[PDB]
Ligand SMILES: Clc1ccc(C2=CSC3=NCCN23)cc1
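The data below hold one chain only, encoded as structure tokens and taken in the form deposited without the ligand.
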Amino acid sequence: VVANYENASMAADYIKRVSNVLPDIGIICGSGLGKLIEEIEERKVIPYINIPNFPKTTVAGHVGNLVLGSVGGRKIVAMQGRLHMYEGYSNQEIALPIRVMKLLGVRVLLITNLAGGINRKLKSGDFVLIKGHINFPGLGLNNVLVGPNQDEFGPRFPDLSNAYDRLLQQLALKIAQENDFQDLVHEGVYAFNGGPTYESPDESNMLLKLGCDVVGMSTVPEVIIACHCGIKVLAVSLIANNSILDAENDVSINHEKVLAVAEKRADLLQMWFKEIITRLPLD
């Protein structure tokens, strides 16, 4: 199923009938960072399998829901259960939910993820406001926009110069200052590793020479689809470990340690994004 104007409209038609919510804000949370989706007020949970033209996620399994409701007086739509390209999903399957968000009226997309630190200033438990990215799949002919262009959503050759909104980064940093955890908040360039293997010690060493501050396996496809159709983006990475430090000390990297860091920071991140949603500018 192509993520075109007609197929995305069929999905939005179903969502509009099931919930009265017309959201202005979209949210995609990383694994273990989705507790905020539980406190959505007046919420409607729609499984992916019930939405027309939504991608099939049975092979991977686990949760896959679209949740719509209110947070701090704001109408939002949240993706519960993230689609990652290392699972084998095509460009069309990744793009359709974001373009359905666009047809529902989403103008701001807030994204969180887990990732590894490359810049020696980044430690486990730090946050990174993403101000730019280095897209290795895109350079190697695996860009999420490879294929025919859907002209109703955006241009054939998008400009990514301002994909990460400056004013949204300033707002997130100010809220961190107001609550005195600005000592955990950095800015940096995000490198897209397709995955699913963690970067080898020598791959981390290469990313250090290339100017990468953070490396992860997601986010960049969603940001490009959102920037393509004109949706503002705020992207925040939670640093689970510094792979340059781990290479020097021969310390292993595994998913159990990563999720433990997510649990250590889940509540603080939930409070942070709840206030960001509340403080998002109006018209």
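Start at 1 with the first residue shown and count on from there.
There is another form of this protein, the form solved in complex with the ligand, and it is not shown here; the text below is about that form.
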Does the ligand get within 4.5 angstroms of any non-hydrogen atom of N179 in the entry with it bound? yes
Flag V108 as yes or no: does it have a non-hydrogen atom within 4.5 angstroms of any non-hydrogen atom of the ligand in the entry with it bound? no
Can you tell me whether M10 touches the ligand? I mean in the entry with it bound, with a 4.5 angstroms heavy atom cut-off. no
Distance check, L268 to the ligand in the entry with it bound, heavy atom within 4.5 Å: yes
Tell me which of 91-99, 128-136, 171-179, 68-76 has residues with heavy atoms within 4.5 angstroms of the ligand in the entry with it bound? 171-179
